[PDB]
RNA sequence: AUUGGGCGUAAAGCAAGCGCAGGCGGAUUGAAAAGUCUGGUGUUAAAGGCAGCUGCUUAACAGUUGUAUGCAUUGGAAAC
RNA sequence: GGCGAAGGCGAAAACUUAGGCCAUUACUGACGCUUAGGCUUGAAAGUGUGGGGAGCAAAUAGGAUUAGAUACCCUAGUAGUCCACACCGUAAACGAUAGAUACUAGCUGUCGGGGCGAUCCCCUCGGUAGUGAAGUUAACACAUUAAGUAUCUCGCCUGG
RNA sequence: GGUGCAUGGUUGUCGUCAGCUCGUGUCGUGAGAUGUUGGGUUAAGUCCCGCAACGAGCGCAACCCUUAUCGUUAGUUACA
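Residue numbers (the entry's author numbering), protein chains in the order written: chain D, 66 to 218; chain A, 19 to 258; chain B, 3 to 217; chain E, 163 to 167.
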C-alpha cells in the first residue's frame, strides 16, 4: 500500500448560529500491481479523517491486470459529463497525465499511457470516470472465449 | 419421494399482473384464474439443488441462518424449527444494517451474554426495581438478538422467505459474497439471489410443505433424527 | 459560561488542602494570606517533582505541611541538597512562630490525579510541538492506567491568528452533573511569546457508588 | 456458484 | 465541435400548415463505371519538413540520397 | 373527455362542408420525409368605417383608507367589449420536449372501430392518461405517445 | 499608560431549554441525508411501538441540602 491522498477540501454546514466545520478528504491507495481503493471521508479532525479515508479505501479494494505496463485497447470512460481517454503507447513515450490522473496511473502500478481528460475537470467526477473506464476493460482471452473461434484473433 | 408432483394439492395462487416479467420464463401459461402457477419440474430441480448444497455445507460444518418475518404461519414454523435445531433466527422485524457489520453486533451480543450470565449468577440479591428493570432489559435483548446469539462470525448460509418482504436482508446479503438462498414468489430479481427456489408463499400449505422439506434436508445431513427423508406421505397443516 | 467542576463537587466527597480553625478574624487573615503563597511557590518552583498535592495542617502557631508527589528524589536532591534550601525558604516565609517538619509519602496509583496530568500537558505544550499528537499520547497514557473517559479543552493560539479554532476532546462517560463518581478537575496556563493558552482537564477514576460520606 | 465443499 | 458540440428546467424547436429546388431515399435484374478501391505513366521547381550519408574539436550550419502530398492519362475492379 | 396542425371549438334547427379511424386478402407501382425562397392560416388586444350597445369595464370623476393612494374598497361611467367590411401577427402561440421514422420490461386504466355474445367482457387496431423495469441525465424526472437506442431534414445557440 | 479585533481566565445571553454530537453502517457523483423521522407518554430527545438503522457521548432524572410524620443515642446553660 502507498495510501497517497489526491484531493482535500473544507466544507461547513449551516445551523442556528455559526456553521459546523466538517472537512472532507479523498484518498486513493494501490499496490503497484493492480489493486485500487478509492474513498472520500469527512471528519472533524484531520488524523481521524485520514483514518476513516483509509478504512474506506481498504474496504473498496479491487485488482486489475496489466499488459506490459499498459492497457492494450483504446477506450474512453464517460461519467458525469466528463470523459477520460486511455490508449496504449510504446516504452519510448513514458507516462503522461494530469496530477490526480498521475496519482491513479502510478498507484495502480501502471506505466506509459495516453490519457487526456474530457468534460469538466472536477476531481471526484473525473476519478469516477477513471474507475468507469477501468471497469469496461476487457481481456483478450475472455473476448476470445465469447468468440466461436478461440485463437486470440 | 422428494418434491413429488402428485403429493402436493395447492401450489398455485398469486395476485395477477403484479409480477416481474422476466419471472415468466419459469412459469407456464395460465388457464382460467391467472393466479401465477409454477412448473413443478423446475421446482423439483431447485429443491434438489438446495438439498445437495445443504449437504455440502453440512460437510463444511457451516453456520445456518433462518430469516422470516411473515405474520403468523411461517413465523410459528420457524420458531418451532429454531427451538428444535441449532440455527440463527429472528422473530422481530429485520434490524436495518445487521449483516453489513458484526463488530457492533459482536460487542452487543457479548453484553447480552455477560448480562444473562450475571442473572444466572445472581440469586435475587438485587432489589425488586433493580432486577425488574434488569430483566426488562434482558427481555428487550431477547427481542433484539435472542435469535442470533448462536454465532460469533459471519453467517455461512441463510434462507429468505421472501426477498421482497425482506428487502433489507437481501440487500445486505448482496453486499457480501456469502451464499444466500431465497424463495422467489413471482416478483423478485434473480441477480440478487444466489440460488433460486421459485416456490409460492401466497398460500400457507405450500410454505409449510417446502419449509418442512428444507428443514428435513438441513437436519438429516447432520445425522440428527429427522421427520421426512424420502417419504411421499406428508402431514396436512391447514392455517387456523 | 460554565464553572470549574472541581469546586462544584468540592468538599462533599473530596477533602480540603488546608484543614484548620481559629478565632474569628483576629489573626486568621495572616494564615490565609500566608498559605497560598507557599502553595503556589511549591507549584511553580518545583515542576520536575510532579507533586500531587501539599497539605497544610495548622493549629495555634504550628504548621504541618505534608507533601505527596511522584519523585521524592528531585525534592530531596543529591546528598539531600535541596532539603536544606527548601527548608530555608519555607522558614523564611512561614515565620519563627511555627515549627518546621517535612517528609515525603506516596499514594496508590498516583498517575490519576488531575493536577499533575494538567501540569505535564502544559509543560509538553510549552515546547512548541504539534499539539494534537501531544494530547493523543497523553490520553493514551492516562487511559492505560485503567480508567474511564476523560475530558480536555485547550484554548489559545494555533499557529498565530484565528483564535476561533479552539480544540477539545470528549471521551467515554464523563458525567459532571452527578456527585458520586470520583471525578477531579484541573486547569493550567501556558505562556508563549504570542499569548496565554488555557488548558483544562477532567479526570474520571471510576464511579464510586455506595461511597457513604467524606473520609 | 457451488464451490464451497 | 466536417473529423469533434448542443438546443425539456443553465442559451437555443420558428405559432402552425402547404410546398419548388436541394438534401436523403424501399427489394430485384441489365448496361456502363462519374465518385470510390486500385496497377501503370507524367507532374507535384530547388531549397525546407522527416529519415540516412559526408564536412565541421560536440553543436547549430552546409552539401548529399530517399521520403511523403494533390493533379491529368490509362488498365482492372462492379460491393455501394 | 371529443375534434384539429394549432390558436381554439359547448343552446338548438337547417344548407354546405373538411379532416379523422378499422378490415381493406380490390388498384398504380417508390409515386416517399424534409423544406431556402414563396404562399397560407392564425389568442386577445389594436387600426378606420356603418350599426347596435343590457351589463361589464381602459381612461377619467367622486367618496373612503392611510404619512400619502393618479392603487387595492365603493359609487359611477367615455372608448372598447358584439355584428359586417379590410388591415393587424405580438401570447407562457409551453407538451418550455421541431418534423418523420423501426426497435427496446411491463402494470392500472380511459375512449373509438372489428369480430361475438344480454349487459358482462376477450383480444386486435389506434388516440388518450397514470405507474414503472432497463436505459438516459446533473437531478428533477422521462420512460412503447422517451427527453432511450439510432437515422434523415430544417431552424436556432455559443458569457452577461 | 493604549491594545477583550493579540489572549488565558471570569461573567451574563438564548435557558433550567431539550435539545446538541460521534462510532459503525446504508443510500447518494457529491454538499449530505438515515439515529434525532412518525405515533403514544412526559417538566422534558422520560420511556415505549413502528422505523436502514444499530449503538454510544453531553444535558434532562438520579446521587447534594432543606421542609415534612415518627423512631433511636445523649441530655444542659434548651427543659422545670
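All C-beta atoms in this analysis are idealised placements derived from N, C-alpha and C, irrespective of residue type, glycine included.
For residue 122(D): DSSP bridge partner residues: Within the first chain, residue 122(D) is the residue found at index 57, counting from 1. Bridge pairing for residue 122(D): absent [DSSP].
Span of the alpha helix (DSSP H), counted from its first residue to its last, around residue 132(A): Within the second chain, numbered from 1, the residue matching residue 132(A) stands at position 114. Taken as a continuous stretch (DSSP letters only), the alpha helix (DSSP H) holding residue 132(A) covers 121-139.
The alpha helix (DSSP H) enclosing residue 103(A), as first and last residue numbers: Counted from its first residue, the second chain places residue 103(A) at position 85. Counting along the chain, residue 103(A) falls outside any alpha helix (DSSP H), and DSSP gives it neither H nor E.
Residues bridged to residue 128(D) (per DSSP): To locate residue 128(D), count along the first chain from 1; it is residue 63. Residue 128(D) pairs with 100(D).
Within chain B, the residues that residue 112(D) reaches when beta carbons sit closer than 9 Å: The residue labelled residue 112(D) in the question sits at position 47 within the first chain. Chain B residues near residue 112(D): 134, 135 and 138.
Residue interval of the beta strand (DSSP E) (run including residue 208(B)): For the purposes of this step, residue 208(B) is taken as residue 206 along the third chain, with counting starting at 1. DSSP places residue 208(B) in no beta strand (DSSP E); its state is neither H nor E.
Backbone CA spacing between residue 186(B) and residue 193(B) [nearest angstrom]: Translated into positions along the third chain, residue 186(B) becomes position 184. Translated into positions along the third chain, residue 193(B) becomes position 191. Their Cα atoms are separated by approximately 24 Å.
Residues from the stretch 46-79 of chain A in contact with chain E, defined by Cβ distance under 7 Å: The stretch 46-79 of chain A vs chain E, Cβ under 7 Å: 71, 74, 75, 77 and 78.
Closest Cα partner of residue 163(A) within the set 126(A), 173(A) and 151(A): As a working note, residue 163(A) is residue 145 in the second chain. Among 126(A), 173(A) and 151(A), the Cα nearest to that of residue 163(A) is on 126(A).
Assigned exposure category for residue 222(A) - 16 Cβ within 10 Å defines buried: For the purposes of this step, residue 222(A) is identified with residue 204 of the second chain, where counting begins at 1. So residue 222(A) ends up on the buried side.
Neighbour list for residue 197(A) in chain E, Cβ cutoff strictly below 7 Å: Walking along the second chain from the start, residue 197(A) turns up at place 179. Ordered by position in chain E, the residues that pass the 7 Å Cβ test against residue 197(A) are 163 and 166.
Whole-angstrom C-beta distance between residue 130(A) and residue 159(A), which should lie under 8 Å: Taking the first residue of the second chain as position 1, residue 159(A) is located at position 141. Taking the first residue of the second chain as position 1, residue 130(A) is located at position 112. Yes, they are in contact, since the Cβ atoms of residue 159(A) and residue 130(A) sit about 5 Å apart, within 8 Å.
Touch test, the stretch 193-209 of chain A against the stretch 172-185 of chain A, Cβ-Cβ under 8 Å, three pairs minimum: Yes: the two stretches touch, three or more of their Cβ pairs being nearer than 8 Å.
For residue 86(A), the nearest candidate out of 78(A), 79(A) and 96(A) (CA to CA): Reading the second chain from its first residue, position 68 is the one you call residue 86(A). That would be 96(A), whose Cα lies nearest to the Cα of residue 86(A).
Inter-residue spacing [alpha-carbon to alpha-carbon] between residue 203(A) and residue 55(A): The residue labelled residue 203(A) in the question sits at position 185 within the second chain. The residue labelled residue 55(A) in the question sits at position 37 within the second chain. Between the alpha carbons of residue 203(A) and residue 55(A) lies a gap of roughly 10 Å.
Chain E within 8 Å of residue 179(A), Cβ atoms only: Along the second chain, one-based indexing puts residue 179(A) at 161. No, no contact with chain E.
Same chain, Cβ closer than 6 Å to residue 205(D), neighbours up to 5 away in sequence not counted: Taking the first chain and counting its residues from 1, the one referred to as residue 205(D) is at position 140. Answer for residue 205(D): 217, listed in chain order.
Cβ pair count under 8 Å reaching 3, the stretch 49-62 of chain B against the stretch 19-38 of chain B: Result yes; three or more Cβ-Cβ pairs closer than 8 Å.
For residue 245(A), the nearest candidate out of 258(A), 234(A) and 254(A) (CA to CA): Locating residue 245(A) in the second chain gives position 227, counting from the first residue. Per the Cα distances, 234(A).
Whole-number beta carbon distance between residue 136(B) and residue 127(B), since they are thought to touch under 8 Å: Stepping through the third chain from its first residue, residue 127(B) is reached at position 125. Stepping through the third chain from its first residue, residue 136(B) is reached at position 134. Their Cβ separation, rounded to whole angstroms, is 6 Å, which keeps residue 127(B) and residue 136(B) in contact under 8 Å.
Amino acids of chain E, ordered along the chain, whose beta-carbon sits closer than 7 Å to that of residue 212(A): Taking the second chain and counting its residues from 1, one reaches residue 212(A) at position 194. For the C-beta of residue 212(A), the chain E residues within less than 7 Å are, from N- to C-terminus, 163.
Length at least 3, wholly inside the stretch 132-171 of chain D: the beta strand (DSSP E) runs in chain order: Counting whole runs of 3 or more residues, the stretch 132-171 of chain D contains the beta strand (DSSP E) stretches 140-143 and 147-151.
Classification of residue 190(B) by the beta-carbon crowding that lies within 10 angstroms, buried from 16 upward: Residue 190(B) sits at position 188 when you count from the first residue of the third chain. The residue is buried, with at least 16 neighbouring Cβ atoms inside 10 Å.
Among 29(B), 140(B) and 64(B), the one whose alpha carbon lies nearest that of residue 154(B): Taking the third chain and counting its residues from 1, one reaches residue 154(B) at position 152. Nearest Cα to residue 154(B) within the set 29(B), 140(B) and 64(B): 140(B).
Same chain, Cβ closer than 7 Å to residue 250(A), neighbours up to 5 away in sequence not counted: What you label residue 250(A) is simply residue 232 of the second chain in a count that begins at 1. Cβ within range, chain order: 19, 22 and 25.
Reference residue 97(B); option with closest CA among 36(B), 107(B) and 151(B): The residue labelled residue 97(B) in the question sits at position 95 within the third chain. Ranked by how close their Cα comes to the Cα of residue 97(B), the residues 36(B), 107(B) and 151(B) have 36(B) in first place.
Buried/exposed call for residue 237(D), threshold 16 Cβ in 10 Å: Nothing in the structure corresponds to residue 237(D), since chain D is present only between 66 and 218.
DSSP state of residue 128(B) mapped onto helix, strand, coil: On the third chain, residue 128(B) is found 126 positions in, with the first residue counted as 1. Assigned with DSSP and collapsed to three states, residue 128(B) falls in coil, not helix or strand.
Residue 40(B) vs residue 109(B) beta-carbon contact at 8 Å: Translated into the one-based positions of the third chain, residue 40(B) becomes position 38. Translated into the one-based positions of the third chain, residue 109(B) becomes position 107. Going by C-beta atoms, residue 40(B) is not nearer than 8 Å to residue 109(B).
Burial state of residue 95(D) (16 or more Cβ within 10 Å): Position 30 of the first chain, counted from the first residue, corresponds to residue 95(D). Under the 10 Å beta carbon count, residue 95(D) is surrounded by 16 or more other beta carbons and is classified as buried.
Inter-stretch contact at 8 Å, needing at least 3 Cβ pairs: the stretch 171-179 of chain D / the stretch 150-161 of chain D: Taking one beta carbon from each stretch, the stretch 171-179 of chain D and the stretch 150-161 of chain D have 3 or more pairs nearer than 8 Å; the two touch.
Contact belief for residue 127(D) with residue 101(D) at Cβ below 8 Å, rounded distance in angstroms: Counted from its first residue, the first chain places residue 127(D) at position 62. Counted from its first residue, the first chain places residue 101(D) at position 36. That belief holds up - the Cβ atoms of residue 127(D) and residue 101(D) are roughly 6 Å apart, short of 8 Å.
Inside the stretch 9-66 of chain B only - alpha helix (DSSP H) runs reaching at least 4 residues: For the stretch 9-66 of chain B, whole alpha helix (DSSP H) runs of length 4 or above, ordered along the chain, are 30-47.
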